[PDB]
Amino acid sequence: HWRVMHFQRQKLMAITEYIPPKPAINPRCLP
Amino acid sequence: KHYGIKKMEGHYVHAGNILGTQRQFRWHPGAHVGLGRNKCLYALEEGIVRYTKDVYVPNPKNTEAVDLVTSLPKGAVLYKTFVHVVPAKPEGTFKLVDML
Amino acid sequence: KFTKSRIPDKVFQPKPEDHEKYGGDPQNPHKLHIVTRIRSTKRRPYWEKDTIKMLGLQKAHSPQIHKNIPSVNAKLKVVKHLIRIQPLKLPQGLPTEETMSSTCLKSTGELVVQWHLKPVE
Amino acid sequence: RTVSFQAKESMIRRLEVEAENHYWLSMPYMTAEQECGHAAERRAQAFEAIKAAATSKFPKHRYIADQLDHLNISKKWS
Amino acid sequence: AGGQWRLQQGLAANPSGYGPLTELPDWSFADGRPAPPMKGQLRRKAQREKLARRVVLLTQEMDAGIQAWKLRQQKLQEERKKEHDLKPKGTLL
RNA sequence: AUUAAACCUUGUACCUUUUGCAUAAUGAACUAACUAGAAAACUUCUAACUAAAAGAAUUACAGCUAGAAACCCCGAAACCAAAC
RNA sequence: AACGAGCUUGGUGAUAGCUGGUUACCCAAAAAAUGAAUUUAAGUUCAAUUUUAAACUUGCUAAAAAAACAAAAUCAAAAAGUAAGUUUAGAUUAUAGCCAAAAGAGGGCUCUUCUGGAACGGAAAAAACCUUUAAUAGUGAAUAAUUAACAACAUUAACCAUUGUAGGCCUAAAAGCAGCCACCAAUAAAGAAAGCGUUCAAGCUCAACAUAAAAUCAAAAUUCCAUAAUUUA
RNA sequence: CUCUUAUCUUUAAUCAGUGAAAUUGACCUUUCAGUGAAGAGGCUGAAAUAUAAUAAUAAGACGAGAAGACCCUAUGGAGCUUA
RNA sequence: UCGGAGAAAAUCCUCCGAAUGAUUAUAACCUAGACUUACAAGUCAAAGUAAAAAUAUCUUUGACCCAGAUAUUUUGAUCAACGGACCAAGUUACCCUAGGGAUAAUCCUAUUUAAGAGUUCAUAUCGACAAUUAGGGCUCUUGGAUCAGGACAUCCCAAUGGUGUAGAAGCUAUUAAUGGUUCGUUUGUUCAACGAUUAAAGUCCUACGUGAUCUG
Ligand SMILES: [Mg+2]
Ligand SMILES: [Mg+2]
Ligand SMILES: [Mg+2]
Ligand SMILES: [Mg+2]
Ligand SMILES: [Mg+2]
Ligand SMILES: [Mg+2]
Ligand SMILES: [Mg+2]
Ligand SMILES: [Mg+2]
Ligand SMILES: [Mg+2]
Ligand SMILES: [Mg+2]
Ligand SMILES: [Mg+2]
Ligand SMILES: [Mg+2]
Ligand SMILES: [Mg+2]
Ligand SMILES: [Mg+2]
Ligand SMILES: [Mg+2]
Ligand SMILES: [Mg+2]
Ligand SMILES: [Mg+2]
Ligand SMILES: [Mg+2]
Ligand SMILES: [Mg+2]
Ligand SMILES: [Mg+2]
Ligand SMILES: [Mg+2]
Ligand SMILES: [Mg+2]
Ligand SMILES: [Mg+2]
Ligand SMILES: [Mg+2]
Ligand SMILES: [Mg+2]
């Protein structure tokens, strides 16, 4: 059981999640 | 009850005002400050209160302090907290009373 | 216990990229702030309620002019989340006694001293 | 719960505004010492106005005209 | 609708703010005589003049306070370099 | 609101009591009449005369005299005296 | 007709810290429901709060160092943003709160401490969460909060097997395999064997021989319950 | 009682005459799931639905009248017994 | 009632003590300014004057009224329910009025793990240590009759997989709510038992389902 988070706190977590950068070309399809 | 510092450092104090209450000697009388039988501290002059550290030397007659003091190492000596009041007025001035 | 908090000093030390983005030279700093309230003081601690009344920001969306001096800035930091700050700008110079009755403030932050309500042509 | 798209964007827009607020508060025109005393004269005058209003209370004048005008209630065409 | 675009062009977000549509008079007599000023416009004019006068007052105090400080700086500076009397030496002074 | 009475849209009866909350719980079939805040020690306001005021007895180191200004209704189980 | 003590009149408008009720309009201000005593806790008095009037002068936010503390509450210079504060006179009511969010203490309750709230909009209905400076007329306008969100992958699959000897050991025997120490041998390539399985043995595999190829966590009890929908800047 | 049945009288129903009582905030007085103070005819979301009588059943309207009982309080009472 | 220690400024929180005693070379009168405190009570003290040749240290009780004592100054409370009525106990089911309420552990089921049971062989049948955002159940309202609505976690009837399944009997698991699910009786048994039967005599929810339908 996880104690529920105040909706304001829940909004904070959603906006600060990790975002990875993505390459333009996938390595496998490259020579 | 309510043991504590009645007058804090940097306050104008009149004669007779009580500065601190204590069950034991957390502070010691200094300049122009007296002792009450209950060990309260009051001001003997009109002026500003000050708290300062200073060296402690006991009366020769009392045994307990002398025994401890001599037993201290050569390097340093013990200290204590002292309370002082700085007088702020001239006790009097000369004025012309009569021309004879 | 929820209590008053102190912001770390680093927050208010800018970076070179910030100067480019917002277009302010770290020299020749501006003199007058334009401040507007864009949120509400209900459900906020009482210290924030009092400061908003000290700065004159009772009505929302009405601009107030203040000095860019340290004592004022100390108060603005307390209510930074409820207000918007824009630097004042005077393209045509400070208003004189002659032009005092023809000034008008634009949304950009420019206090023009002549207002004719005519096409620029 | 799942945070809706609207809620995430609206919060971001408010974050961006506050970021600019931090920047414009970092460049004080005058240092603390230069500020000291620069507005003393204006402040002192203001309190003098406040004190003057406080100590100005007193009753109001009374006039014979007000009392004697009550008689016009019985004016007529003779 | 269109608030953000209006601000980009430098106008007010609400078309009911400053501009010709709101500020200009709404009517005039058929002869050509001008109409009396609208009550809302008179209030708007007074508010702007009040704001402008504050701008003048605040700037002058800040400028007057910068010079007064540096003038004090000098007085301390010259006062520091001072001397008097004389400086003998040896077995009699 | 409407061209149009009803159709469409909006809207959790009233008083009292409870924790500023009621789909809680008291009270009300409806009409007419009847049915519940009262006193002047001190204070404030308005005048007369003033080291004095008051139509006898009282108060007074600006006082004293007069006016105006106030504090509810209904309801027990009981106790005692004398008759029947 | 109603006796744990008859009935009637009077004392009597008995008394009730308890229950119920207490009749026109408008404007203005405003509570907390903490501390102390009480045959007191269903009540009252005092402080504290609030408030009307009057006199006259500094208040609120902030607050350096330097203390006192132990290794954020006092204290309040000078400034700045700002309009309150003290003294005098009079007066009641109130003295049980509720939910959310923090920190503790006795172990879900129960206390103590700091902050916030009481929509006519929003979260499905919605006292306590979120947006919201008062209140007026208009068939104008710009905005705020706003239950929805877009099940796998990312060292092997092909062919095989000869021997010193069944290695010692009360174990009949315990042979690669019960142990128990050693653990070496030939051969291109073969562990005194990684498993099965045999009373022990046999027998089946693994690894070896050549021959090939691929390439970590995650998106229950009346009767289902808006309707629907994957791409137009 | 297994396991109930038949007949007659009283009641009941229709016609004629006379004519009460408790009760009653206003009612244009529906079902299911959800919400809620074990609780919804009236609130949220769905669904159903021409208008009125006569005779029957008793699930609900926390159905009506209960002088019906258990627990607590009051510096309210009364009867009895004493040391 | 008062004081000391912890919690730490809460408590019916954890502990100890007090209603004094010993020694005193005997500690006067008068008076600025302060602490503490709702009130009442309680603390400290400069200067001046006076005796002497300045403070006694140990360290904690009780108002007013009203009665005392003597030669003017003093003394009287386990009023301990400790802000203290000058002096009063039981009992009521024979009872009355005014009101306010009301009326984690355990344990079993299901998943994960797998030492040991099973002659041999972990998982036919079980199963330690554990794991389970797992389910659901010193004391002090229920039965029955009538009529039933519904869930599936299935007792019987039905379709299937495995077996330490030869046949016949059985043990275990999956799917499914179709209709049904008896009649009598108490000597002993802390919410039990007995006789005769049946294909079976299932487990539960519905304010004891149900008392304006009835009854113990
Ligand atoms: Mg009741
Ligand atoms: Mg009624
Ligand atoms: Mg009437
Ligand atoms: Mg009465
Ligand atoms: Mg409080
Ligand atoms: Mg008493
Ligand atoms: Mg009481
Ligand atoms: Mg200051
Ligand atoms: Mg008839
Ligand atoms: Mg209808
Ligand atoms: Mg329902
Ligand atoms: Mg409905
Ligand atoms: Mg019914
Ligand atoms: Mg009937
Ligand atoms: Mg009833
Ligand atoms: Mg009492
Ligand atoms: Mg009595
Ligand atoms: Mg009595
Ligand atoms: Mg002395
Ligand atoms: Mg007592
Ligand atoms: Mg007492
Ligand atoms: Mg009996
Ligand atoms: Mg059934
Ligand atoms: Mg099943
Ligand atoms: Mg019933």
# chains A, B, ... in the order shown; residues from 1 in each chain; ligands from 1
>>> select_by_dssp(residues="chain E", states="helix (DSSP H, G or I)", output="VMD selection string")
chain E and resid 3 to 8 20 to 23 39 to 80
>>> write_last_selection(atoms="N, CA and C atoms", output="short mmCIF file (atom, residue, chain, number, x, y, z; two decimals), in the first residue's frame")
data_model
loop_
_atom_site.label_atom_id
_atom_site.label_comp_id
_atom_site.auth_asym_id
_atom_site.auth_seq_id
_atom_site.Cartn_x
_atom_site.Cartn_y
_atom_site.Cartn_z
N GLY E 3 -5.46 36.18 -28.37
CA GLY E 3 -4.75 37.04 -27.43
C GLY E 3 -3.25 37.02 -27.64
N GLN E 4 -2.67 35.83 -27.79
CA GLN E 4 -1.22 35.73 -27.93
C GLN E 4 -0.74 36.41 -29.21
N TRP E 5 -1.47 36.23 -30.31
CA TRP E 5 -1.07 36.87 -31.56
C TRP E 5 -1.10 38.39 -31.44
N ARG E 6 -2.11 38.92 -30.75
CA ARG E 6 -2.21 40.37 -30.59
C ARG E 6 -1.00 40.92 -29.86
N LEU E 7 -0.56 40.24 -28.80
CA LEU E 7 0.58 40.72 -28.03
C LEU E 7 1.86 40.72 -28.86
N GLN E 8 2.01 39.73 -29.74
CA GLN E 8 3.21 39.66 -30.57
C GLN E 8 3.33 40.89 -31.46
N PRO E 20 -7.48 52.72 -31.11
CA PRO E 20 -8.45 53.66 -31.70
C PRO E 20 -9.89 53.23 -31.50
N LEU E 21 -10.18 51.93 -31.57
CA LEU E 21 -11.56 51.47 -31.49
C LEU E 21 -12.20 51.88 -30.17
N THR E 22 -11.48 51.74 -29.07
CA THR E 22 -12.03 52.07 -27.76
C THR E 22 -11.91 53.57 -27.46
N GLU E 23 -10.73 54.14 -27.68
CA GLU E 23 -10.44 55.47 -27.16
C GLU E 23 -11.10 56.59 -27.96
N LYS E 39 -17.15 59.74 -19.99
CA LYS E 39 -16.72 59.66 -18.60
C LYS E 39 -15.61 58.63 -18.43
N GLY E 40 -15.70 57.50 -19.13
CA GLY E 40 -14.66 56.49 -19.01
C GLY E 40 -13.31 56.99 -19.48
N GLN E 41 -13.29 57.78 -20.55
CA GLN E 41 -12.03 58.30 -21.06
C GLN E 41 -11.37 59.25 -20.07
N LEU E 42 -12.16 60.11 -19.42
CA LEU E 42 -11.58 61.04 -18.45
C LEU E 42 -10.90 60.29 -17.31
N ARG E 43 -11.53 59.22 -16.82
CA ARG E 43 -10.90 58.42 -15.77
C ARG E 43 -9.61 57.78 -16.27
N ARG E 44 -9.61 57.30 -17.51
CA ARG E 44 -8.42 56.67 -18.06
C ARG E 44 -7.26 57.66 -18.15
N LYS E 45 -7.55 58.89 -18.58
CA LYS E 45 -6.49 59.89 -18.69
C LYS E 45 -5.87 60.20 -17.33
N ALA E 46 -6.70 60.33 -16.30
CA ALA E 46 -6.18 60.66 -14.97
C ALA E 46 -5.25 59.57 -14.46
N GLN E 47 -5.59 58.30 -14.72
CA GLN E 47 -4.76 57.21 -14.22
C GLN E 47 -3.38 57.21 -14.87
N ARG E 48 -3.31 57.47 -16.18
CA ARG E 48 -2.00 57.48 -16.84
C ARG E 48 -1.13 58.62 -16.32
N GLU E 49 -1.70 59.82 -16.18
CA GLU E 49 -0.92 60.94 -15.67
C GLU E 49 -0.37 60.63 -14.28
N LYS E 50 -1.17 59.97 -13.44
CA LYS E 50 -0.70 59.60 -12.11
C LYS E 50 0.50 58.67 -12.20
N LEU E 51 0.46 57.69 -13.10
CA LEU E 51 1.56 56.75 -13.23
C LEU E 51 2.82 57.44 -13.75
N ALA E 52 2.68 58.33 -14.73
CA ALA E 52 3.85 59.01 -15.28
C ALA E 52 4.54 59.86 -14.23
N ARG E 53 3.76 60.59 -13.41
CA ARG E 53 4.36 61.44 -12.39
C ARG E 53 5.14 60.61 -11.38
N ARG E 54 4.66 59.41 -11.06
CA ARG E 54 5.42 58.53 -10.18
C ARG E 54 6.75 58.15 -10.80
N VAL E 55 6.77 57.90 -12.11
CA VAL E 55 8.01 57.52 -12.78
C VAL E 55 9.05 58.63 -12.63
N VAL E 56 8.64 59.88 -12.85
CA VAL E 56 9.56 61.00 -12.70
C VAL E 56 10.10 61.06 -11.28
N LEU E 57 9.21 60.98 -10.29
CA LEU E 57 9.63 61.14 -8.90
C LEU E 57 10.61 60.05 -8.49
N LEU E 58 10.33 58.80 -8.85
CA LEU E 58 11.18 57.70 -8.42
C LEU E 58 12.58 57.81 -9.02
N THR E 59 12.67 58.17 -10.30
CA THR E 59 13.98 58.27 -10.95
C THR E 59 14.82 59.37 -10.32
N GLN E 60 14.23 60.54 -10.09
CA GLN E 60 14.99 61.66 -9.56
C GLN E 60 15.60 61.32 -8.21
N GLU E 61 14.83 60.69 -7.33
CA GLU E 61 15.36 60.33 -6.02
C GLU E 61 16.53 59.37 -6.14
N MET E 62 16.43 58.39 -7.03
CA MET E 62 17.52 57.43 -7.19
C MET E 62 18.78 58.11 -7.72
N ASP E 63 18.64 58.98 -8.73
CA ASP E 63 19.80 59.69 -9.25
C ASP E 63 20.37 60.63 -8.20
N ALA E 64 19.51 61.39 -7.52
CA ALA E 64 19.98 62.32 -6.50
C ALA E 64 20.68 61.59 -5.36
N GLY E 65 20.35 60.32 -5.15
CA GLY E 65 20.93 59.57 -4.06
C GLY E 65 22.26 58.94 -4.42
N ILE E 66 22.52 58.76 -5.71
CA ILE E 66 23.81 58.23 -6.14
C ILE E 66 24.89 59.29 -6.00
N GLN E 67 24.62 60.50 -6.48
CA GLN E 67 25.61 61.57 -6.40
C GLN E 67 25.91 61.91 -4.94
N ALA E 68 24.86 62.07 -4.13
CA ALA E 68 25.08 62.43 -2.74
C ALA E 68 26.00 61.45 -2.04
N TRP E 69 25.96 60.17 -2.45
CA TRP E 69 26.82 59.17 -1.82
C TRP E 69 28.28 59.37 -2.22
N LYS E 70 28.55 59.57 -3.51
CA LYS E 70 29.94 59.72 -3.95
C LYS E 70 30.54 61.02 -3.43
N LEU E 71 29.73 62.07 -3.30
CA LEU E 71 30.23 63.30 -2.69
C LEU E 71 30.69 63.04 -1.26
N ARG E 72 29.93 62.24 -0.50
CA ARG E 72 30.37 61.87 0.83
C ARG E 72 31.66 61.06 0.78
N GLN E 73 31.80 60.19 -0.22
CA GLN E 73 33.02 59.40 -0.36
C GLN E 73 34.25 60.29 -0.36
N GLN E 74 34.20 61.40 -1.09
CA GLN E 74 35.37 62.28 -1.17
C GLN E 74 35.69 62.86 0.21
N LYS E 75 34.69 63.43 0.88
CA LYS E 75 34.94 64.09 2.16
C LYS E 75 35.71 63.18 3.11
N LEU E 76 35.33 61.90 3.16
CA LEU E 76 36.11 60.95 3.95
C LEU E 76 37.52 60.81 3.40
N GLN E 77 37.66 60.79 2.07
CA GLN E 77 38.97 60.56 1.46
C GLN E 77 39.95 61.67 1.82
N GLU E 78 39.57 62.93 1.59
CA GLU E 78 40.47 64.03 1.91
C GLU E 78 40.72 64.13 3.41
N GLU E 79 39.69 63.90 4.22
CA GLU E 79 39.87 63.99 5.67
C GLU E 79 40.94 63.01 6.16
N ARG E 80 41.06 61.85 5.51
CA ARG E 80 42.04 60.86 5.95
C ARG E 80 43.46 61.39 5.85
#
>>> interface_residues(of="chain A", to="chain I", cutoff="12 Å", atoms="only C-alpha atoms (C1' of nucleotides)", output="compact mmCIF listing (two decimals) with C-alpha atoms, in the first residue's frame")
# COMPACT_ATOMS: atom_id res chain seq x y z
CA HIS A 1 0.00 0.00 0.00
CA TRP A 2 1.45 3.31 -1.18
CA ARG A 3 0.08 6.42 0.51
>>> residues_around(residues="range 7-10 of chain A", least_positions_apart="3", cutoff="12 Å", atoms="only C-alpha atoms (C1' of nucleotides)", output="count of residues only")
19
>>> residues_around(residues="residue 85 in chain B", least_positions_apart="5", cutoff="12 Å", atoms="only C-alpha atoms (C1' of nucleotides)", output="PyMOL selection string")
chain B and resi 7-19+29-34+41-52
>>> atom_distance(atom1="CA of residue 36 in chain B", atom2="CA of residue 90 in chain B")
26.6 Å
>>> residues_around(residues="residue 14 in chain D", least_positions_apart="2", cutoff="12 Å", atoms="only C-alpha atoms (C1' of nucleotides)", output="PyMOL selection string")
(chain C and resi 38-39+80-84) or (chain D and resi 7-12+16-21)
>>> closest_atom_pairs(of="chain G", to="ligand 20", cutoff="10 Å", atoms="only C-alpha atoms (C1' of nucleotides) and all ligand atoms", output="JSON lines")
{"residue": "G:38", "atom": "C1'", "partner": "ligand 20", "partner_atom_place_in_ligand_line": "1 (Mg)", "distance": 8.4}
{"residue": "G:39", "atom": "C1'", "partner": "ligand 20", "partner_atom_place_in_ligand_line": "1 (Mg)", "distance": 7.5}
{"residue": "G:40", "atom": "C1'", "partner": "ligand 20", "partner_atom_place_in_ligand_line": "1 (Mg)", "distance": 9.1}
>>> write_last_selection(atoms="C-alpha atoms (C1' of nucleotides)", output="PDB file, in the first residue's frame")
ATOM      1  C1'   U G  38     -14.653  26.676  41.204  1.00  0.00           C
ATOM      2  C1'   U G  39     -19.578  20.116  45.052  1.00  0.00           C
ATOM      3  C1'   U G  40     -16.614  22.776  38.791  1.00  0.00           C
TER       4        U G  40
END
>>> residues_near_ligand(ligand="ligand 10", cutoff="10 Å", atoms="only C-alpha atoms (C1' of nucleotides) and all ligand atoms", output="NGL selection string")
:H and (28-30 or 49)
>>> residues_near_ligand(ligand="ligand 6", cutoff="12 Å", atoms="only C-alpha atoms (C1' of nucleotides) and all ligand atoms", output="list in words")
residues 37, 38, 39 and 40 of chain G; 75 of chain H; 79, 81, 82, 83, 84 and 85 of chain I
>>> select_by_dssp(residues="chain C", states="strand (DSSP E or B)", output="ChimeraX atom specification")
/C:32-37,64-67,83-87,89,104-105,110-112
>>> atom_distance(atom1="CA of residue 54 in chain B", atom2="CA of residue 82 in chain B")
6.7 Å
>>> residues_near_ligand(ligand="ligand 12", cutoff="9 Å", atoms="only C-alpha atoms (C1' of nucleotides) and all ligand atoms", output="list in words")
residues 40, 41, 42, 43, 44 and 45 of chain H
>>> write_last_selection(atoms="C-alpha atoms (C1' of nucleotides)", output="PDB file, in the first residue's frame")
ATOM      1  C1'   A H  40     -32.511   8.104  -2.132  1.00  0.00           C
ATOM      2  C1'   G H  41     -39.654   8.822  -5.584  1.00  0.00           C
ATOM      3  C1'   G H  42     -36.807  13.983  -5.410  1.00  0.00           C
ATOM      4  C1'   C H  43     -28.923  14.573  -5.971  1.00  0.00           C
ATOM      5  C1'   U H  44     -24.969  12.413 -10.579  1.00  0.00           C
ATOM      6  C1'   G H  45     -25.165   9.022 -15.004  1.00  0.00           C
TER       7        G H  45
END
>>> residues_near_ligand(ligand="ligand 13", cutoff="8 Å", atoms="only C-alpha atoms (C1' of nucleotides) and all ligand atoms", output="PDB file with C-alpha atoms (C1' of nucleotides), in the first residue's frame")
ATOM      1  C1'   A H  58     -48.479  -5.980   2.492  1.00  0.00           C
ATOM      2  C1'   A H  59     -41.835  -5.089   0.222  1.00  0.00           C
ATOM      3  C1'   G H  60     -40.933   0.462   1.143  1.00  0.00           C
ATOM      4  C1'   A H  61     -42.462   5.396   2.716  1.00  0.00           C
ATOM      5  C1'   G H  63     -45.343   3.716   7.946  1.00  0.00           C
TER       6        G H  63
ATOM      7  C1'   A I 212     -48.491  -2.786   9.831  1.00  0.00           C
TER       8        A I 212
END
>>> residues_around(residues="residue 215 in chain I", least_positions_apart="3", cutoff="10 Å", atoms="only C-alpha atoms (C1' of nucleotides)", output="VMD selection string")
chain I and resid 144 to 145 211
>>> closest_atom_pairs(of="chain D", to="chain G", cutoff="12 Å", atoms="only C-alpha atoms (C1' of nucleotides)", output="Markdown table")
| residue | atom | partner | partner_atom | distance |
| --- | --- | --- | --- | --- |
| D:1 | CA | G:148 | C1' | 7.6 |
| D:2 | CA | G:149 | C1' | 5.8 |
| D:3 | CA | G:148 | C1' | 7.0 |
| D:4 | CA | G:148 | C1' | 5.9 |
| D:5 | CA | G:149 | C1' | 8.6 |
| D:6 | CA | G:146 | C1' | 8.3 |
| D:7 | CA | G:146 | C1' | 8.1 |
| D:8 | CA | G:146 | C1' | 11.9 |
| D:10 | CA | G:145 | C1' | 9.9 |
| D:11 | CA | G:145 | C1' | 11.3 |
| D:32 | CA | G:79 | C1' | 8.6 |
| D:33 | CA | G:79 | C1' | 8.8 |
| D:34 | CA | G:79 | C1' | 10.2 |
| D:35 | CA | G:79 | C1' | 7.6 |
| D:36 | CA | G:79 | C1' | 5.2 |
| D:37 | CA | G:79 | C1' | 6.6 |
| D:38 | CA | G:79 | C1' | 9.2 |
| D:39 | CA | G:80 | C1' | 8.3 |
| D:40 | CA | G:79 | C1' | 9.2 |
| D:43 | CA | G:82 | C1' | 9.7 |
| D:44 | CA | G:58 | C1' | 11.5 |
| D:46 | CA | G:83 | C1' | 9.7 |
| D:47 | CA | G:58 | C1' | 8.7 |
| D:48 | CA | G:57 | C1' | 10.3 |
| D:49 | CA | G:83 | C1' | 11.2 |
| D:50 | CA | G:83 | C1' | 8.3 |
| D:51 | CA | G:57 | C1' | 7.5 |
| D:52 | CA | G:56 | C1' | 10.1 |
| D:53 | CA | G:56 | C1' | 11.2 |
| D:54 | CA | G:56 | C1' | 8.1 |
| D:55 | CA | G:56 | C1' | 6.9 |
| D:56 | CA | G:56 | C1' | 10.7 |
| D:57 | CA | G:54 | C1' | 9.3 |
| D:58 | CA | G:54 | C1' | 10.3 |
>>> write_last_selection(atoms="N, CA and C atoms", output="CSV table (one decimal), in the first residue's frame")
chain,number,residue,atom,x,y,z
D,1,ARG,N,-4.0,8.0,-10.4
D,1,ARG,CA,-4.5,8.9,-11.4
D,1,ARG,C,-3.5,9.1,-12.5
D,2,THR,N,-3.9,9.6,-13.6
D,2,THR,CA,-3.1,10.0,-14.7
D,2,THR,C,-3.3,11.5,-15.0
D,3,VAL,N,-2.2,12.3,-15.0
D,3,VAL,CA,-2.2,13.7,-15.2
D,3,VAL,C,-2.6,14.0,-16.6
D,4,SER,N,-3.6,14.8,-16.9
D,4,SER,CA,-4.1,15.1,-18.2
D,4,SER,C,-3.1,16.0,-18.9
D,5,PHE,N,-3.2,16.0,-20.3
D,5,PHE,CA,-2.3,16.8,-21.1
D,5,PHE,C,-2.4,18.3,-20.7
D,6,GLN,N,-3.7,18.8,-20.6
D,6,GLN,CA,-3.9,20.2,-20.3
D,6,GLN,C,-3.1,20.6,-19.1
D,7,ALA,N,-3.2,19.8,-18.0
D,7,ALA,CA,-2.6,20.2,-16.7
D,7,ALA,C,-1.1,20.2,-16.8
D,8,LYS,N,-0.5,19.3,-17.6
D,8,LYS,CA,1.0,19.4,-17.7
D,8,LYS,C,1.4,20.6,-18.5
D,10,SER,N,-0.2,23.6,-18.8
D,10,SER,CA,-0.5,24.8,-18.1
D,10,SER,C,0.5,25.1,-17.0
D,11,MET,N,1.0,24.0,-16.4
D,11,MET,CA,2.0,24.2,-15.3
D,11,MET,C,3.3,24.6,-16.0
D,32,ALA,N,23.6,48.5,-1.5
D,32,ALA,CA,22.9,48.7,-0.2
D,32,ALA,C,23.3,50.1,0.3
D,33,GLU,N,24.6,50.4,0.4
D,33,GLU,CA,25.1,51.6,1.0
D,33,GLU,C,24.6,52.8,0.2
D,34,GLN,N,24.6,52.8,-1.1
D,34,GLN,CA,24.1,53.9,-1.9
D,34,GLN,C,22.7,54.2,-1.6
D,35,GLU,N,21.9,53.2,-1.2
D,35,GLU,CA,20.5,53.4,-0.9
D,35,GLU,C,20.2,54.2,0.3
D,36,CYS,N,21.1,54.0,1.3
D,36,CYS,CA,20.9,54.6,2.7
D,36,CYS,C,20.6,56.1,2.6
D,37,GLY,N,19.5,56.5,3.2
D,37,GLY,CA,19.2,57.9,3.3
D,37,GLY,C,18.7,58.6,2.1
D,38,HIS,N,18.6,57.9,1.0
D,38,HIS,CA,18.2,58.6,-0.3
D,38,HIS,C,16.8,59.1,-0.3
D,39,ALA,N,15.9,58.6,0.6
D,39,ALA,CA,14.5,59.0,0.6
D,39,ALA,C,14.0,59.4,2.0
D,40,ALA,N,14.9,59.9,2.8
D,40,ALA,CA,14.6,60.3,4.2
D,40,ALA,C,13.6,61.4,4.2
D,43,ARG,N,9.8,60.5,3.5
D,43,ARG,CA,9.2,59.7,4.5
D,43,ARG,C,8.8,60.5,5.7
D,44,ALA,N,9.7,61.4,6.2
D,44,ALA,CA,9.4,62.2,7.4
D,44,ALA,C,8.1,63.1,7.2
D,46,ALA,N,5.6,62.5,5.4
D,46,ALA,CA,4.3,61.7,5.3
D,46,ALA,C,3.7,61.5,6.7
D,47,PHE,N,4.6,61.1,7.7
D,47,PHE,CA,4.1,60.9,9.1
D,47,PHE,C,3.5,62.2,9.6
D,48,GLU,N,4.1,63.4,9.3
D,48,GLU,CA,3.6,64.6,9.8
D,48,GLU,C,2.1,64.8,9.4
D,49,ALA,N,1.8,64.5,8.2
D,49,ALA,CA,0.4,64.5,7.7
D,49,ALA,C,-0.5,63.6,8.5
D,50,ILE,N,0.0,62.4,8.8
D,50,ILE,CA,-0.8,61.4,9.6
D,50,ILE,C,-1.1,62.0,11.0
D,51,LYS,N,0.0,62.5,11.7
D,51,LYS,CA,-0.2,63.0,13.0
D,51,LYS,C,-1.1,64.2,13.0
D,52,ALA,N,-1.1,65.0,12.0
D,52,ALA,CA,-1.9,66.2,12.0
D,52,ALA,C,-3.4,65.9,12.0
D,53,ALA,N,-3.7,64.9,11.2
D,53,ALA,CA,-5.1,64.4,11.1
D,53,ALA,C,-5.6,63.9,12.4
D,54,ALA,N,-4.7,63.1,13.1
D,54,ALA,CA,-5.2,62.4,14.3
D,54,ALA,C,-5.6,63.4,15.4
D,55,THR,N,-4.8,64.5,15.5
D,55,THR,CA,-5.0,65.5,16.6
D,55,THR,C,-5.9,66.7,16.2
D,56,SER,N,-6.7,66.5,15.2
D,56,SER,CA,-7.6,67.6,14.7
D,56,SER,C,-9.0,67.4,15.0
D,57,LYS,N,-9.4,66.4,15.8
D,57,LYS,CA,-10.8,66.2,16.0
D,57,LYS,C,-11.4,67.2,17.0
D,58,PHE,N,-12.6,67.7,16.6
D,58,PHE,CA,-13.3,68.7,17.5
D,58,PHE,C,-14.7,68.9,17.0
>>> residues_near_ligand(ligand="ligand 7", cutoff="12 Å", atoms="only C-alpha atoms (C1' of nucleotides) and all ligand atoms", output="list in words")
residues 17, 18, 39, 40, 41, 42, 43 and 44 of chain G; 73, 74 and 75 of chain H
>>> residues_near_ligand(ligand="ligand 2", cutoff="10 Å", atoms="only C-alpha atoms (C1' of nucleotides) and all ligand atoms", output="ChimeraX atom specification")
/F:26-28 /H:24-25
>>> residues_near_ligand(ligand="ligand 17", cutoff="12 Å", atoms="only C-alpha atoms (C1' of nucleotides) and all ligand atoms", output="PyMOL selection string")
(chain F and resi 78) or (chain G and resi 15) or (chain H and resi 74-78)
>>> residues_near_ligand(ligand="ligand 1", cutoff="12 Å", atoms="only C-alpha atoms (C1' of nucleotides) and all ligand atoms", output="VMD selection string")
(chain F and resid 24 to 26) or (chain I and resid 99 to 103)
>>> residues_around(residues="residue 119 in chain G", least_positions_apart="4", cutoff="12 Å", atoms="only C-alpha atoms (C1' of nucleotides)", output="MDAnalysis selection string")
chainID G and resid 127 130:132
